[PDB]
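Residue numbers (the authors' numbering), protein chains in the order written: chain A, 1130 to 1178; chain B, 1179 to 1227; chain C, 100 to 148; chain D, 149 to 197; chain E, 1 to 165, 174 to 318; chain F, 3 to 122, 127 to 163, 174 to 190, 195 to 257, 265 to 318; chain G, 51 to 99. For each residue, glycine too, the CB sits at the ideal point set by N, CA and C.
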Amino acid sequence: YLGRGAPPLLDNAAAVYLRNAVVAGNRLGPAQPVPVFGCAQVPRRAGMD
Amino acid sequence: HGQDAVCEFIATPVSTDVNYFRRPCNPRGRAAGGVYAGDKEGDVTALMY
Amino acid sequence: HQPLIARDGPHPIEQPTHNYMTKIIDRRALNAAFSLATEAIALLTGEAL
Amino acid sequence: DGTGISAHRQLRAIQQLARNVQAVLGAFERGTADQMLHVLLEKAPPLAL
Amino acid sequence: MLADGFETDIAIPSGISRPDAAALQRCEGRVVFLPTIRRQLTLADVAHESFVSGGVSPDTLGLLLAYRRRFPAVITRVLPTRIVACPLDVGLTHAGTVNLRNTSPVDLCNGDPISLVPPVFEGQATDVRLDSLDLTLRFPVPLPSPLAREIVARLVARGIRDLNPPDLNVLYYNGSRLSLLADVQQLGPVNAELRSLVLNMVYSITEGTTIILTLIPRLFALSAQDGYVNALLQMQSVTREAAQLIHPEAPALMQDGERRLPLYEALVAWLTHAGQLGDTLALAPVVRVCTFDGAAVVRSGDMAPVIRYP
Amino acid sequence: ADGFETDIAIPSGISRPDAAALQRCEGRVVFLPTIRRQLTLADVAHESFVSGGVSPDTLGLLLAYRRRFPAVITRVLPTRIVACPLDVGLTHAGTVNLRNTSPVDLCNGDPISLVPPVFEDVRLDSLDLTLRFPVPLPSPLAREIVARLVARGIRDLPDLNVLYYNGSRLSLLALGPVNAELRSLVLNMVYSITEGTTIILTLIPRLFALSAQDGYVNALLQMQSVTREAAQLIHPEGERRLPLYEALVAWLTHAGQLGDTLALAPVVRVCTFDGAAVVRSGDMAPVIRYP
Amino acid sequence: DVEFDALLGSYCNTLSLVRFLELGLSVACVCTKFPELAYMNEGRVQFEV
């Protein structure tokens, strides 16, 4: 979902239903949804082990 | 023998992995700060909750 | 005074740095008890001689 | 000026060069000994190969 | 710009508590709003007390219009008697470079233009006080230019909620999560911001725009085929749900359509009002960053070389 | 002296035809990452602008030239390429010759911005890189010529080719790959304007529905006025909600993104001294920046 | 009343001037000086095997 290259499926009821249920609450998922041209960002972890 | 130590009792769920306890860890379910925290105003309490 | 080595590009050029440190004296004191007795004054002074 | 204060200030000023001069003119012989390792590491293959 | 440049001098009053003197020496690189380009002023003119409006303390959103009425300047060197600063609208130095210390949570990259924001964010609200002179100093936060256009867009959209009896606080940049501190906004300056919007909103609509509105069914068909078109709509735009209901179509035929170009005239009027509006709300990005010994990242809390931006 | 000069080193292995093209390219605009004394030529080439994977298009070249730094090449030694940056090195010297790659002539006193080679090529064989030089055309034409090429792309989904400057013809059509190279700029126009012309149309639910030419002016003038009557002239005040106020912010940033792209600021002004005012194609023009 | 502050000592480093030939890593190269290197364009060395 950071990749942005592949075309989505047709129904926006279904295509958003995956994108909420995969990104939230995954570690690597984008915080703000991906910009139109630029590189998306991974959220800052509060601490590293 | 010596001074008699005092045990504590913290309510925990049953179905956690025992493998979390076979290494050194916290009795708290999450690792606390503030060594783990970085350089931000929020990070020390942000690690917590 | 920090020594320097000289690198090439592309990563940048460094300048000589300097450091000036100030440390405050930490101050303590000591104590001792010498105390004498009742007669021992007059045995040194000469009242009971 | 003709004052002793102004004439003392050059001793702070001229020696500010001579600390920086003798650091940078010493920073190039170390500049060899940096790259001397860098060229060999670009040339030397590992043992197991 | 002169051959030597122009350097204002802000004189310091003689009554100084010595801890407040060391507080001024930490203000080595900050941004200072001058009301004029007079050569000699006072610290009372610079500080927040003269920076108020008549009887009314300005809020955060109302403080932006107070900025663009004044002149941003940068302190060069703190002297024991006075403070020497260089204006930004005037050509800045003899050499063309100034150091600017980051009182900013976010690091800087090369080439990015800097606009400047009031103290808005939580936690890092830091105002220097001169308690011997009973003065308060609120210093602006230098930030990259697309970030400043976000923060103005977050504040202005918050005030439009207040005219209508969730949520909009959280920003993101370089993966950092950060919100902003605001409680109330005065109804005065919000109308000054909003009237500056809707006049520039209307002035983009020309005869060619309705021809462009016929391409709304084309984009929603094209977002099926390429993911680059899917990078537009983001599910939060109106136009995704607007295309699902409205099927518009073109007017015909245009008056004097032989001599004129309606699609061309709609774009140039759009570029001068709506694409201009990033300048109209905040102030201009006068300054970008050009490190000389090449540092790709200028860290938070450090100086940076500074060169004007057209 | 005190003049600043960037030194670009050429890697050795140049064939005799390759140095001749680099001998010829004397006055041209060349970008670079950071102002620095010594620098490789790999950061100069068009290959250095890529993100993948992907050779960058017209939209990315407009975005890059804000972050890249413009410089004009001086005399070209066989050892190194000496070029001076425009934004810092010219403020002491004052005069730099500059040759047009543009077919449009230059009058005296004109402001000149830089345009990527979209209007319509040097490649080196032995060094394995390409060179693309931007076009120094005048800034009032620059807002025009870009907007003409956008208007063609909307027609892909009268003559747009007519551009007559200072008594000269221009042919924008001259073809194939120019259209697909520009496709990404076209989509960000229509997505910005249609999202503009829905939110204004949602906040004012009757802009189009309002009566023509006389009530609309009366609606304009009160909105155009300065007086305190502002908010009651604007706003119209389970079920899903239109996320309008979030769609405000995403549109303002996208509109705020394109303001830096399509300004095309006057980096260069030309002052002709001891010569003809009209500077034609393939002629060195003197350059004076703002003092 | 009698009060006074004081300064006690002033300590510095000494930057070690390092000739490159003080090292014995300079065995690995024959380090000879050009007075001119920047004007040279041809850098070929003939090897006879």
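Residue i burial status per 10 Å Cβ neighbour count (16 or more: buried)
i	result
E/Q193	buried
G/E92	exposed
C/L143	exposed
E/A153	buried
residue 173 of chain E	The gap in chain E between 165 and 174 takes in residue 173 of chain E, so it carries no coordinates here.
C/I140	exposed
E/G286	buried
E/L223	buried
C/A131	exposed
E/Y67	buried
A/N1155	exposed
E/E150	buried
F/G159	buried
F/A148	buried
F/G216	buried
G/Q96	exposed
E/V198	buried
E/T36	exposed
One or two residues paired with residue i in a DSSP bridge
i	result
E/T136	E/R129
E/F121	E/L188
E/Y181	E/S184
F/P113	F/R296
C/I140	None; C/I140 has no bridge partner.
E/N99	E/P313
E/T42	E/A11
G/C81	According to DSSP, G/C81 bridges with nothing at all.
E/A153	Its beta-bridge partners do not exist; DSSP assigns none.
E/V305	E/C109
E/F71	E/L34
Delimiting residues of the beta strand (DSSP E) encompassing residue i
i	result
A/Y1146	First-last for A/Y1146: 1141 to 1152, but that is the alpha helix (DSSP H), not the beta strand (DSSP E).
F/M209	Per DSSP, F/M209 belongs to no beta strand (DSSP E); it is in the alpha helix (DSSP H), 203 to 223.
E/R68	That residue, E/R68, is in no beta strand (DSSP E); its alpha helix (DSSP H) goes 63 to 68.
A/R1174	Where A/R1174 is concerned, there is no enclosing beta strand (DSSP E), given that its DSSP letter is neither H nor E.
residue 2 of chain F	Examination of residue 2 of chain F is not possible in this model, given that chain F is present from 3 through 318 alone.
Anticipated Cβ contact below 8 Å, residue i with residue j, distance rounded
i	j	result
B/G1211	B/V1222	5 Å
E/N182	A/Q1170	6 Å
E/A11	A/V1163	Going by Cβ atoms, the distance from E/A11 to A/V1163 rounds to 52 Å, so no, they are not a contact pair.
E/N102	E/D310	6 Å
E/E266	E/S187	Wrong, their Cβ atoms sit about 56 Å apart, outside the cutoff.
F/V314	F/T93	That belief does not hold up - the Cβ atoms of F/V314 and F/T93 are roughly 12 Å apart, past 8 Å.
Helix, strand or coil at residue i according to DSSP, with G and I counted as helix
i	result
F/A11	strand
E/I37	coil
A/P1162	coil
D/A161	helix
F/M311	strand
F/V141	strand
F/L147	helix
G/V95	coil
E/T76	strand
F/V198	helix
B/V1213	coil
C/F133	coil
D/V172	helix
G/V68	coil
E/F228	helix
F/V32	strand
Boundaries (first-last residue) of the alpha helix (DSSP H) holding residue i
i	result
D/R178	177 to 191
F/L24	18 to 26
F/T288	271 to 288
F/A239	235 to 244
B/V1222	1221 to 1224
Residue i CB to nearest heavy atom of the ligand MG below 6 Å
i	result
E/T8	As presented, the structure is devoid of all ligands, the ligand MG included, so that no description of it is given.
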